[PDB]
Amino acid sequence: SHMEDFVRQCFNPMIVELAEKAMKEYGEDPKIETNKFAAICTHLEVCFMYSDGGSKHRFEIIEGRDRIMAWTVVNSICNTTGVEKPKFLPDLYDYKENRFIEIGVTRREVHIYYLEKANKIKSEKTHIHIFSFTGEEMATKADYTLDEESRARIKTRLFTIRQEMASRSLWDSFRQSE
């Protein structure tokens, strides 16, 4: 598909590979479900830019690993620090703030997607941070974890991705797909 060719020429190959591994691990093929292929690559790159944000070895990346290794690291963090075991796999863990983080990249209002995630988690301790393709963000307790400059790069990157899809007339079908 055209979306697949764009995703592959838009994101770096390591990111594309982790999304491919993660989709086939859950029975989905990137060549058919090309919109979900785009969304996993975006979500992946955001998590890695996020993890790059802040100090050194600050975030233990949970997303991008296979399920059983990801839960292995979560169980170790839980028995290490003593925090509650979340019901759903998060994306990061903040060693500085001592909390798991769920990262979301949406095509709706940050309030709606935050509400969906906050009610589905129902763990209270897991921190939530939502980005949108228009530069908007919402985070638990208005605590945005990272500095402004790091968050602004993610927002800028998201909007750069949005324009690239639109130039290829793919942005409309992509938002009408989440």
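We number the residues from 1 along the sequence you see.
In this entry, 106 to 114 shows the higher mean Cα temperature factor of the pair 137 to 145 and 106 to 114. When 21 to 29 is weighed against 157 to 165, 21 to 29 comes out higher, by mean CA B-factor as recorded in the entry.
Comparing the C-alpha B-factors of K122, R151, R65, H127 in the entry, the top value falls on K122.
In the PDB entry, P90 places in the lowest third of its chain by CA B-factor. When the modelled residues of the chain are ordered by C-alpha B-factor, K36 sits in the middle third.
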